[PDB]
Amino acid sequence: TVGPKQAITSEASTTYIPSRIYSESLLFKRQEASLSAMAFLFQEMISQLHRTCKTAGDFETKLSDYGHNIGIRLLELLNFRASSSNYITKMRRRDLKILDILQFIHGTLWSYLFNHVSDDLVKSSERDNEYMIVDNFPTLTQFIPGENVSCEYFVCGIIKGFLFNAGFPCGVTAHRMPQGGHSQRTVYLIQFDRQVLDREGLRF
Amino acid sequence: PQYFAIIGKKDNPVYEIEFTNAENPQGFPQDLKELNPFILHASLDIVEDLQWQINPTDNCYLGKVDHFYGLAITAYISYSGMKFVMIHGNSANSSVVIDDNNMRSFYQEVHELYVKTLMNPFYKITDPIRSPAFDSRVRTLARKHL
Amino acid sequence: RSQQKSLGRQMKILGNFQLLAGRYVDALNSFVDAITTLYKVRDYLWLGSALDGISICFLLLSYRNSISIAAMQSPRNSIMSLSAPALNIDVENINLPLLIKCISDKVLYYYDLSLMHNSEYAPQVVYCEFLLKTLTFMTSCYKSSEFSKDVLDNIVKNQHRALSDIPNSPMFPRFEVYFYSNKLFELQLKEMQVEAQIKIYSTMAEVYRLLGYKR
Amino acid sequence: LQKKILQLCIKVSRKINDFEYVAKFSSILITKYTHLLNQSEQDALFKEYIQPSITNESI
């Protein structure tokens with residue numbers, strides 16, 4: 001079914017089964033590698049990005065693109081495991097609005113990744129296009145001295161690709177603010193665009 | 001005489017295929033070109049303004065949706081972005097037969113073949129699939145449910 | 001049945017004649033030559049309404065099947081024109097609502113509701129035109145079509161209710177059953193005349209471009 | 001879809017004879033496409049359609 005070729009094929013009156021040349025299970029396996037190993041993986045990745053890139057903002061984008069690579073991928077089978085081989089009962093509801101899908105990061109994205117829950121999902125005071133999630137003690141960047149906050153844009157990239165498939169294009173930033181005795185908690189103050197806010201603003 | 005499409009977010013067909021019953025032994029001669037993208041392009045229009053509302057609890061599957069003046073169409077919307085469309089029907093009769101549950105056990109069943117190909121990290125979005133194996137799998141997966 | 005035919009032809013001709021000859025353009029109202037009409041500034045189809053009421057009553061009492069939907073067309077045009085534009089809150093459609101009770105589609109009390117109801121009534125009566133097998137408007141008597149009048153019937157329907165779904169969204173909305181109720185061209189439509197096809201596809205395309213359904 | 005809808009636009013512009021539009025849209029068909037046009041799907045029976053463009057002053 002090539003782009004150059006047409007949609008042409010042949011009749012159904014034979015059997016191609018199984019011909020899996022490679023098709024397997026896809027279930028939630030558990031192998032649980034050490035945080036030192038993945039921390040070294042992230043470590044030499046950030047070393048490559050400070051090698052090859054000029055200044056602050058382009059490095060921030062050239063970090064968040066990895067999150068945009070695999071955010072779509074984690075979205076669709078995390079939803080296919082949570083809201084649903086595959087002797088399937090059903091697939092449940094999609095994103096209704098913004099407040100179920102940023103509950104869906106809050107419910108089962110962090111507990112898919114980091115075995116806990118980010119502690120709040122605060123709807124903002126002054127506006128509604130801006131939303132803010134704070135992780136309390138970020139797991140994959142706990143060793144980096146976070147005075148530059150440029151090193152946590154893995155996870156701003158990974159949630160932006162959780163919402164760009166969801167139809168909400170969104171400016172996603174991170175800041176870090178020590179509001180509690182919990183130190184080095186990072187706020188992901190996200191935004192949206194006006195238009196799916198106005199698609200929410202048609203009826204709410 | 002059955003016609004599969006997977007049509008993307010920026011209108012690109014990431015997988016589109018026909019097949020035929022040998023009891024028809026061909027498919028829609030001289031009708032195979034109007035029953036292509038334009039009908040499917042309007043099908044993208046009706047699933048575009050049918051997905052985002054709750055109401056015209058199974059948000060993914062939608063069943064038979066519309067009808068041009070020779071046949072009728074069915075649909076499916078995934079949260080991956082993609083909108084699966086099968087176009088079925090013998091060209092002589094107006095084919096009424098929407099099985100609605102056993103071909104519901106096709107759309108959630110072809111979904112994982114899209115999943116494992118999406119999980120190929122060399123595979124991008126917005127590019128079609130010349131898998132020699134996943135297209136030979138689906139006709140035999142349609143050998144389950146004709 | 002001869003009395004029914006005589007009353008049908010006379011009532012249809014009188015309904016269309018007193019319709020088009022009352023308030024054709026009545027913003028200056030040249031009151032000379034007052035033979036065929038009142039023709040003053042207060043002459044807006046009132047005798048046309050009374051004549052169309054008696055015409056629809058005699059058409060229902062005639063019991064046609066082909067020409068009889070033109071009585072509903074006359075009453076719907078009366079309640080559209082003389083009870084919308086130059087109405088001045090008169091809306092004298094009591095025998096029109098009586099014919100809505102008698103033949104089809106009573107029980108409505110709003111603008112864009114009873115017009116839709118009587119449009120459904122006239123569409124059902126033209127569906128009840130099963131086989132006239134004759135010639136009534138005698139422009140064509142052997143090569144003509146009931147298709148060629150029914151496409152004009154529902155495009156009158158489509159232009160007179162498709163605009164009511166405003167493109168300011170929340171202002172005057174109804175459900176998007178316009179496409180659902182627009183897929184009604186099951187007929188063949190293979191070139192009776194090319195300008196009918198051009199105006200039918202221009203309006204069918206223009207309403208989709210109006211409602212934002214491009215494809 | 002662009003191949004089919006430009007083929008329809010080129011056939012209208014033949015039948016109604018707007019020669020700068022058969023010039024414009026067939027030049028845009030040849031430039032922006034034809035990796036999917038071998039000597040079949042009317043490319044051999046095409047370019048006869050644009051020698052009237054070049055015997056005109058069009059392109």
# chains A, B, ... in the order shown; residues from 1 in each chain; ligands from 1
>>> closest_atom_pairs(of="chain A", to="chain B", cutoff="10 Å", atoms="only C-alpha atoms", output="JSON lines")
{"residue": "A:1", "atom": "CA", "partner": "B:16", "partner_atom": "CA", "distance": 6.1}
{"residue": "A:2", "atom": "CA", "partner": "B:130", "partner_atom": "CA", "distance": 6.3}
{"residue": "A:3", "atom": "CA", "partner": "B:128", "partner_atom": "CA", "distance": 7.0}
{"residue": "A:6", "atom": "CA", "partner": "B:17", "partner_atom": "CA", "distance": 8.4}
{"residue": "A:7", "atom": "CA", "partner": "B:17", "partner_atom": "CA", "distance": 4.7}
{"residue": "A:8", "atom": "CA", "partner": "B:18", "partner_atom": "CA", "distance": 6.1}
{"residue": "A:9", "atom": "CA", "partner": "B:18", "partner_atom": "CA", "distance": 6.0}
{"residue": "A:10", "atom": "CA", "partner": "B:19", "partner_atom": "CA", "distance": 5.6}
{"residue": "A:11", "atom": "CA", "partner": "B:20", "partner_atom": "CA", "distance": 4.6}
{"residue": "A:12", "atom": "CA", "partner": "B:21", "partner_atom": "CA", "distance": 5.7}
{"residue": "A:13", "atom": "CA", "partner": "B:22", "partner_atom": "CA", "distance": 6.1}
{"residue": "A:14", "atom": "CA", "partner": "B:140", "partner_atom": "CA", "distance": 8.5}
{"residue": "A:15", "atom": "CA", "partner": "B:140", "partner_atom": "CA", "distance": 6.1}
{"residue": "A:16", "atom": "CA", "partner": "B:140", "partner_atom": "CA", "distance": 5.4}
{"residue": "A:17", "atom": "CA", "partner": "B:140", "partner_atom": "CA", "distance": 5.4}
{"residue": "A:18", "atom": "CA", "partner": "B:137", "partner_atom": "CA", "distance": 7.0}
{"residue": "A:19", "atom": "CA", "partner": "B:137", "partner_atom": "CA", "distance": 6.6}
{"residue": "A:20", "atom": "CA", "partner": "B:133", "partner_atom": "CA", "distance": 6.8}
{"residue": "A:21", "atom": "CA", "partner": "B:133", "partner_atom": "CA", "distance": 6.5}
{"residue": "A:22", "atom": "CA", "partner": "B:133", "partner_atom": "CA", "distance": 8.4}
{"residue": "A:23", "atom": "CA", "partner": "B:116", "partner_atom": "CA", "distance": 7.9}
{"residue": "A:24", "atom": "CA", "partner": "B:116", "partner_atom": "CA", "distance": 8.9}
{"residue": "A:25", "atom": "CA", "partner": "B:116", "partner_atom": "CA", "distance": 9.5}
{"residue": "A:26", "atom": "CA", "partner": "B:116", "partner_atom": "CA", "distance": 8.1}
{"residue": "A:69", "atom": "CA", "partner": "B:124", "partner_atom": "CA", "distance": 8.4}
{"residue": "A:70", "atom": "CA", "partner": "B:121", "partner_atom": "CA", "distance": 8.4}
{"residue": "A:72", "atom": "CA", "partner": "B:80", "partner_atom": "CA", "distance": 7.2}
{"residue": "A:73", "atom": "CA", "partner": "B:119", "partner_atom": "CA", "distance": 6.4}
{"residue": "A:74", "atom": "CA", "partner": "B:119", "partner_atom": "CA", "distance": 9.1}
{"residue": "A:75", "atom": "CA", "partner": "B:80", "partner_atom": "CA", "distance": 7.6}
{"residue": "A:76", "atom": "CA", "partner": "B:80", "partner_atom": "CA", "distance": 5.6}
{"residue": "A:77", "atom": "CA", "partner": "B:115", "partner_atom": "CA", "distance": 7.5}
{"residue": "A:79", "atom": "CA", "partner": "B:79", "partner_atom": "CA", "distance": 8.5}
{"residue": "A:80", "atom": "CA", "partner": "B:112", "partner_atom": "CA", "distance": 9.5}
{"residue": "A:85", "atom": "CA", "partner": "B:109", "partner_atom": "CA", "distance": 9.1}
{"residue": "A:86", "atom": "CA", "partner": "B:109", "partner_atom": "CA", "distance": 7.9}
{"residue": "A:87", "atom": "CA", "partner": "B:109", "partner_atom": "CA", "distance": 9.2}
{"residue": "A:88", "atom": "CA", "partner": "B:108", "partner_atom": "CA", "distance": 7.8}
{"residue": "A:90", "atom": "CA", "partner": "B:58", "partner_atom": "CA", "distance": 7.4}
{"residue": "A:91", "atom": "CA", "partner": "B:58", "partner_atom": "CA", "distance": 6.7}
{"residue": "A:92", "atom": "CA", "partner": "B:58", "partner_atom": "CA", "distance": 6.0}
{"residue": "A:93", "atom": "CA", "partner": "B:59", "partner_atom": "CA", "distance": 5.2}
{"residue": "A:94", "atom": "CA", "partner": "B:59", "partner_atom": "CA", "distance": 6.4}
{"residue": "A:95", "atom": "CA", "partner": "B:79", "partner_atom": "CA", "distance": 8.3}
{"residue": "A:96", "atom": "CA", "partner": "B:54", "partner_atom": "CA", "distance": 7.7}
{"residue": "A:97", "atom": "CA", "partner": "B:52", "partner_atom": "CA", "distance": 9.4}
{"residue": "A:164", "atom": "CA", "partner": "B:81", "partner_atom": "CA", "distance": 9.7}
{"residue": "A:165", "atom": "CA", "partner": "B:81", "partner_atom": "CA", "distance": 6.2}
{"residue": "A:166", "atom": "CA", "partner": "B:79", "partner_atom": "CA", "distance": 7.2}
{"residue": "A:167", "atom": "CA", "partner": "B:81", "partner_atom": "CA", "distance": 8.7}
{"residue": "A:199", "atom": "CA", "partner": "B:52", "partner_atom": "CA", "distance": 9.3}
>>> write_last_selection(atoms="C-alpha atoms", output="PDB file, in the first residue's frame")
ATOM      1  CA  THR A   1       0.000   0.000   0.000  1.00  0.00           C
ATOM      2  CA  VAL A   2       2.721   2.398  -1.072  1.00  0.00           C
ATOM      3  CA  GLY A   3       2.271   6.146  -1.474  1.00  0.00           C
ATOM      4  CA  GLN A   6      -2.538   2.640  -5.575  1.00  0.00           C
ATOM      5  CA  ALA A   7      -4.662   0.724  -3.066  1.00  0.00           C
ATOM      6  CA  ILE A   8      -4.580  -2.322  -5.373  1.00  0.00           C
ATOM      7  CA  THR A   9      -4.412  -5.935  -4.171  1.00  0.00           C
ATOM      8  CA  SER A  10      -5.820  -9.428  -4.746  1.00  0.00           C
ATOM      9  CA  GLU A  11      -8.824 -11.537  -3.814  1.00  0.00           C
ATOM     10  CA  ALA A  12      -9.544 -13.152  -0.452  1.00  0.00           C
ATOM     11  CA  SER A  13      -9.664 -16.741  -1.754  1.00  0.00           C
ATOM     12  CA  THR A  14      -6.476 -18.087  -0.139  1.00  0.00           C
ATOM     13  CA  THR A  15      -4.855 -18.160   3.333  1.00  0.00           C
ATOM     14  CA  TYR A  16      -1.933 -15.941   4.514  1.00  0.00           C
ATOM     15  CA  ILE A  17      -2.306 -17.025   8.199  1.00  0.00           C
ATOM     16  CA  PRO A  18      -0.299 -16.967  10.408  1.00  0.00           C
ATOM     17  CA  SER A  19       2.755 -15.265   8.768  1.00  0.00           C
ATOM     18  CA  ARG A  20       3.693 -13.323  11.964  1.00  0.00           C
ATOM     19  CA  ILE A  21       7.303 -12.887  10.666  1.00  0.00           C
ATOM     20  CA  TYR A  22       7.198 -11.247  14.127  1.00  0.00           C
ATOM     21  CA  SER A  23       4.159 -10.594  16.319  1.00  0.00           C
ATOM     22  CA  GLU A  24       4.084 -11.262  20.052  1.00  0.00           C
ATOM     23  CA  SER A  25       2.465 -10.214  23.297  1.00  0.00           C
ATOM     24  CA  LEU A  26       2.509  -6.605  24.438  1.00  0.00           C
ATOM     25  CA  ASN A  69       8.928  11.193  19.917  1.00  0.00           C
ATOM     26  CA  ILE A  70       7.709   8.787  22.564  1.00  0.00           C
ATOM     27  CA  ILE A  72       2.387   9.430  21.408  1.00  0.00           C
ATOM     28  CA  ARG A  73       3.691   5.899  21.878  1.00  0.00           C
ATOM     29  CA  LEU A  74       3.209   5.855  25.642  1.00  0.00           C
ATOM     30  CA  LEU A  75      -0.213   7.545  25.294  1.00  0.00           C
ATOM     31  CA  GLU A  76      -1.852   4.969  23.155  1.00  0.00           C
ATOM     32  CA  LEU A  77      -0.909   1.743  24.927  1.00  0.00           C
ATOM     33  CA  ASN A  79      -4.640   4.132  27.509  1.00  0.00           C
ATOM     34  CA  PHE A  80      -5.003   0.686  25.898  1.00  0.00           C
ATOM     35  CA  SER A  85      -3.757 -11.689  22.673  1.00  0.00           C
ATOM     36  CA  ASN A  86      -6.154  -8.961  23.889  1.00  0.00           C
ATOM     37  CA  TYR A  87      -9.400 -10.714  24.783  1.00  0.00           C
ATOM     38  CA  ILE A  88     -10.900  -7.293  25.020  1.00  0.00           C
ATOM     39  CA  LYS A  90     -14.109  -2.722  25.815  1.00  0.00           C
ATOM     40  CA  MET A  91     -12.156   0.437  25.314  1.00  0.00           C
ATOM     41  CA  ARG A  92     -13.494   3.158  27.605  1.00  0.00           C
ATOM     42  CA  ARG A  93     -14.025   6.871  27.185  1.00  0.00           C
ATOM     43  CA  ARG A  94     -11.585   9.168  25.472  1.00  0.00           C
ATOM     44  CA  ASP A  95     -10.663  12.676  26.526  1.00  0.00           C
ATOM     45  CA  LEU A  96     -13.868  14.490  27.329  1.00  0.00           C
ATOM     46  CA  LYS A  97     -12.313  17.823  28.211  1.00  0.00           C
ATOM     47  CA  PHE A 164      -0.680  17.041  21.180  1.00  0.00           C
ATOM     48  CA  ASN A 165      -2.257  13.726  20.216  1.00  0.00           C
ATOM     49  CA  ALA A 166      -5.122  14.695  22.498  1.00  0.00           C
ATOM     50  CA  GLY A 167      -5.924  17.707  20.324  1.00  0.00           C
ATOM     51  CA  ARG A 199     -13.746  24.619  21.714  1.00  0.00           C
TER      52      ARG A 199
END
>>> residues_around(residues="region 22-31 of chain D", least_positions_apart="2", cutoff="7 Å", atoms="only C-alpha atoms", output="PyMOL selection string")
chain D and resi 6+10+13-14+18-20+33-34+53+58-59
>>> select_by_dssp(residues="region 32-175 of chain C", states="helix (DSSP H, G or I)", output="PyMOL selection string")
chain C and resi 46-62+69-81+95-102+114-127+147-164
>>> write_last_selection(atoms="C-alpha atoms", output="PDB file, in the first residue's frame")
ATOM      1  CA  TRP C  46     -55.082  39.110   2.528  1.00  0.00           C
ATOM      2  CA  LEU C  47     -57.547  38.152  -0.200  1.00  0.00           C
ATOM      3  CA  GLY C  48     -54.827  35.761  -1.418  1.00  0.00           C
ATOM      4  CA  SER C  49     -54.872  34.205   2.056  1.00  0.00           C
ATOM      5  CA  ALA C  50     -58.673  33.849   2.035  1.00  0.00           C
ATOM      6  CA  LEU C  51     -58.620  32.486  -1.539  1.00  0.00           C
ATOM      7  CA  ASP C  52     -55.792  30.075  -0.683  1.00  0.00           C
ATOM      8  CA  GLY C  53     -57.676  28.950   2.427  1.00  0.00           C
ATOM      9  CA  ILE C  54     -60.797  28.171   0.384  1.00  0.00           C
ATOM     10  CA  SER C  55     -58.543  26.609  -2.293  1.00  0.00           C
ATOM     11  CA  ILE C  56     -56.801  24.294   0.187  1.00  0.00           C
ATOM     12  CA  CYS C  57     -60.172  23.383   1.716  1.00  0.00           C
ATOM     13  CA  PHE C  58     -61.619  22.561  -1.712  1.00  0.00           C
ATOM     14  CA  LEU C  59     -58.430  20.684  -2.630  1.00  0.00           C
ATOM     15  CA  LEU C  60     -58.666  18.512   0.488  1.00  0.00           C
ATOM     16  CA  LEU C  61     -62.351  18.021  -0.305  1.00  0.00           C
ATOM     17  CA  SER C  62     -61.413  17.185  -3.906  1.00  0.00           C
ATOM     18  CA  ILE C  69     -49.482  19.367  -2.588  1.00  0.00           C
ATOM     19  CA  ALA C  70     -49.527  22.680  -4.485  1.00  0.00           C
ATOM     20  CA  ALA C  71     -52.319  23.737  -2.101  1.00  0.00           C
ATOM     21  CA  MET C  72     -49.928  23.093   0.796  1.00  0.00           C
ATOM     22  CA  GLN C  73     -47.271  24.961  -1.195  1.00  0.00           C
ATOM     23  CA  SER C  74     -49.690  27.895  -1.547  1.00  0.00           C
ATOM     24  CA  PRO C  75     -50.571  27.927   2.160  1.00  0.00           C
ATOM     25  CA  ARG C  76     -46.909  27.559   3.154  1.00  0.00           C
ATOM     26  CA  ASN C  77     -45.969  30.415   0.821  1.00  0.00           C
ATOM     27  CA  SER C  78     -48.807  32.467   2.341  1.00  0.00           C
ATOM     28  CA  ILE C  79     -47.682  31.854   5.936  1.00  0.00           C
ATOM     29  CA  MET C  80     -44.095  32.498   4.860  1.00  0.00           C
ATOM     30  CA  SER C  81     -44.513  35.702   2.865  1.00  0.00           C
ATOM     31  CA  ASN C  95     -58.078  27.902   8.027  1.00  0.00           C
ATOM     32  CA  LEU C  96     -54.454  27.057   7.163  1.00  0.00           C
ATOM     33  CA  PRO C  97     -54.098  25.517  10.634  1.00  0.00           C
ATOM     34  CA  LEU C  98     -57.487  23.858  10.054  1.00  0.00           C
ATOM     35  CA  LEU C  99     -56.083  22.284   6.874  1.00  0.00           C
ATOM     36  CA  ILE C 100     -53.010  21.336   8.924  1.00  0.00           C
ATOM     37  CA  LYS C 101     -55.414  19.564  11.278  1.00  0.00           C
ATOM     38  CA  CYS C 102     -57.358  17.962   8.422  1.00  0.00           C
ATOM     39  CA  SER C 114     -44.942  25.095  11.208  1.00  0.00           C
ATOM     40  CA  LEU C 115     -43.205  25.955   7.923  1.00  0.00           C
ATOM     41  CA  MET C 116     -40.986  22.891   8.397  1.00  0.00           C
ATOM     42  CA  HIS C 117     -44.059  20.863   9.412  1.00  0.00           C
ATOM     43  CA  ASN C 118     -46.079  21.872   6.352  1.00  0.00           C
ATOM     44  CA  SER C 119     -42.986  21.306   4.195  1.00  0.00           C
ATOM     45  CA  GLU C 120     -42.888  17.743   5.550  1.00  0.00           C
ATOM     46  CA  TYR C 121     -46.638  17.533   4.857  1.00  0.00           C
ATOM     47  CA  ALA C 122     -46.257  18.669   1.241  1.00  0.00           C
ATOM     48  CA  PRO C 123     -43.289  16.324   0.789  1.00  0.00           C
ATOM     49  CA  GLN C 124     -45.425  13.444   2.065  1.00  0.00           C
ATOM     50  CA  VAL C 125     -48.261  14.450  -0.283  1.00  0.00           C
ATOM     51  CA  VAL C 126     -45.858  14.555  -3.233  1.00  0.00           C
ATOM     52  CA  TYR C 127     -44.658  11.133  -2.093  1.00  0.00           C
ATOM     53  CA  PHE C 147     -38.212  14.077 -10.539  1.00  0.00           C
ATOM     54  CA  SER C 148     -37.980  17.507 -12.212  1.00  0.00           C
ATOM     55  CA  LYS C 149     -40.596  18.970  -9.882  1.00  0.00           C
ATOM     56  CA  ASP C 150     -39.588  17.080  -6.737  1.00  0.00           C
ATOM     57  CA  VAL C 151     -35.998  18.387  -6.877  1.00  0.00           C
ATOM     58  CA  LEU C 152     -37.437  21.915  -6.953  1.00  0.00           C
ATOM     59  CA  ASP C 153     -39.698  20.978  -4.025  1.00  0.00           C
ATOM     60  CA  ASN C 154     -36.947  19.888  -1.697  1.00  0.00           C
ATOM     61  CA  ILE C 155     -34.540  22.582  -2.816  1.00  0.00           C
ATOM     62  CA  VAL C 156     -37.282  25.059  -1.810  1.00  0.00           C
ATOM     63  CA  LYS C 157     -37.159  23.135   1.480  1.00  0.00           C
ATOM     64  CA  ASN C 158     -33.354  23.274   1.665  1.00  0.00           C
ATOM     65  CA  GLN C 159     -32.988  26.986   0.920  1.00  0.00           C
ATOM     66  CA  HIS C 160     -35.864  27.907   3.240  1.00  0.00           C
ATOM     67  CA  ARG C 161     -34.615  26.038   6.332  1.00  0.00           C
ATOM     68  CA  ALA C 162     -30.867  25.485   5.906  1.00  0.00           C
ATOM     69  CA  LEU C 163     -30.030  29.113   6.678  1.00  0.00           C
ATOM     70  CA  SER C 164     -31.757  28.986  10.079  1.00  0.00           C
TER      71      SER C 164
END
>>> interface_residues(of="chain D", to="chain B", cutoff="12 Å", atoms="only C-alpha atoms", output="list in words")
residues 1, 2, 3, 4 and 5 of chain D
>>> closest_atom_pairs(of="chain C", to="chain B", cutoff="9 Å", atoms="only C-alpha atoms", output="CSV")
residue,atom,partner,partner_atom,distance
C:180,CA,B:66,CA,8.3
C:183,CA,B:68,CA,7.5
C:184,CA,B:69,CA,8.7
C:185,CA,B:69,CA,7.4
C:186,CA,B:69,CA,5.6
C:187,CA,B:69,CA,8.5
C:213,CA,B:45,CA,6.4
C:214,CA,B:45,CA,7.3
C:215,CA,B:42,CA,4.7
>>> closest_residue(among="C:171, C:178, C:64, C:191", to="chain A", atoms="only C-alpha atoms")
C:171
>>> atom_distance(atom1="CA of residue 17 (chain C)", atom2="CA of residue 132 (chain C)")
23.9 Å
>>> select_by_dssp(residues="chain B", states="strand (DSSP E or B)", output="list in words")
residues 2, 3, 4, 5, 6, 7, 13, 14, 15, 16, 17, 18, 19, 61, 62, 63, 64, 65, 66, 73, 74, 75, 76, 77, 83, 84, 85, 86 and 87 of chain B
>>> write_last_selection(atoms="C-alpha atoms", output="PDB file, in the first residue's frame")
ATOM      1  CA  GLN B   2     -14.141  -4.803   0.589  1.00  0.00           C
ATOM      2  CA  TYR B   3     -11.990  -1.688   0.979  1.00  0.00           C
ATOM      3  CA  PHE B   4      -9.907  -0.838   4.061  1.00  0.00           C
ATOM      4  CA  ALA B   5      -8.468   2.555   4.928  1.00  0.00           C
ATOM      5  CA  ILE B   6      -6.509   4.018   7.827  1.00  0.00           C
ATOM      6  CA  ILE B   7      -6.498   7.773   7.325  1.00  0.00           C
ATOM      7  CA  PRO B  13      -3.744   7.522   4.282  1.00  0.00           C
ATOM      8  CA  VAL B  14      -1.245   5.581   6.331  1.00  0.00           C
ATOM      9  CA  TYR B  15      -2.761   2.270   5.157  1.00  0.00           C
ATOM     10  CA  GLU B  16      -5.339   1.739   2.431  1.00  0.00           C
ATOM     11  CA  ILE B  17      -6.197  -1.540   0.703  1.00  0.00           C
ATOM     12  CA  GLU B  18      -8.941  -3.322  -1.240  1.00  0.00           C
ATOM     13  CA  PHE B  19      -9.799  -6.962  -1.584  1.00  0.00           C
ATOM     14  CA  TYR B  61     -16.563   2.340  18.136  1.00  0.00           C
ATOM     15  CA  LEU B  62     -19.298   4.033  16.145  1.00  0.00           C
ATOM     16  CA  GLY B  63     -20.698   1.513  13.653  1.00  0.00           C
ATOM     17  CA  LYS B  64     -22.467   2.481  10.439  1.00  0.00           C
ATOM     18  CA  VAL B  65     -22.479   6.264  10.010  1.00  0.00           C
ATOM     19  CA  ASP B  66     -23.464   7.431   6.502  1.00  0.00           C
ATOM     20  CA  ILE B  73     -20.114   3.396   5.250  1.00  0.00           C
ATOM     21  CA  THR B  74     -18.852   2.409   8.701  1.00  0.00           C
ATOM     22  CA  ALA B  75     -16.223   3.950  10.956  1.00  0.00           C
ATOM     23  CA  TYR B  76     -13.978   3.778  14.026  1.00  0.00           C
ATOM     24  CA  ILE B  77     -12.055   6.443  15.948  1.00  0.00           C
ATOM     25  CA  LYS B  83      -9.656   6.926  12.077  1.00  0.00           C
ATOM     26  CA  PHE B  84     -10.138   3.397  10.711  1.00  0.00           C
ATOM     27  CA  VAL B  85     -12.585   2.989   7.813  1.00  0.00           C
ATOM     28  CA  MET B  86     -13.655  -0.289   6.207  1.00  0.00           C
ATOM     29  CA  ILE B  87     -15.740  -0.021   3.032  1.00  0.00           C
TER      30      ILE B  87
END
>>> closest_atom_pairs(of="chain A", to="chain C", cutoff="12 Å", atoms="only C-alpha atoms", output="JSON lines")
{"residue": "A:199", "atom": "CA", "partner": "C:169", "partner_atom": "CA", "distance": 11.6}
{"residue": "A:201", "atom": "CA", "partner": "C:170", "partner_atom": "CA", "distance": 11.4}
{"residue": "A:202", "atom": "CA", "partner": "C:170", "partner_atom": "CA", "distance": 8.1}
{"residue": "A:203", "atom": "CA", "partner": "C:170", "partner_atom": "CA", "distance": 9.1}
>>> write_last_selection(atoms="N, CA and C atoms", output="PDB file, in the first residue's frame")
ATOM      1  N   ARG A 199     -12.911  25.794  21.931  1.00  0.00           N
ATOM      2  CA  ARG A 199     -13.746  24.619  21.714  1.00  0.00           C
ATOM      3  C   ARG A 199     -14.294  24.118  23.042  1.00  0.00           C
ATOM      4  N   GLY A 201     -14.665  26.520  25.249  1.00  0.00           N
ATOM      5  CA  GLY A 201     -15.450  27.721  25.469  1.00  0.00           C
ATOM      6  C   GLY A 201     -16.718  27.854  24.664  1.00  0.00           C
ATOM      7  N   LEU A 202     -17.034  26.874  23.816  1.00  0.00           N
ATOM      8  CA  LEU A 202     -18.343  26.831  23.176  1.00  0.00           C
ATOM      9  C   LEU A 202     -19.441  26.552  24.194  1.00  0.00           C
ATOM     10  N   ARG A 203     -19.242  25.539  25.033  1.00  0.00           N
ATOM     11  CA  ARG A 203     -20.271  25.053  25.942  1.00  0.00           C
ATOM     12  C   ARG A 203     -19.801  24.782  27.364  1.00  0.00           C
TER      13      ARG A 203
END
>>> atom_distance(atom1="CA of residue 8 (chain C)", atom2="CA of residue 134 (chain C)")
14.6 Å
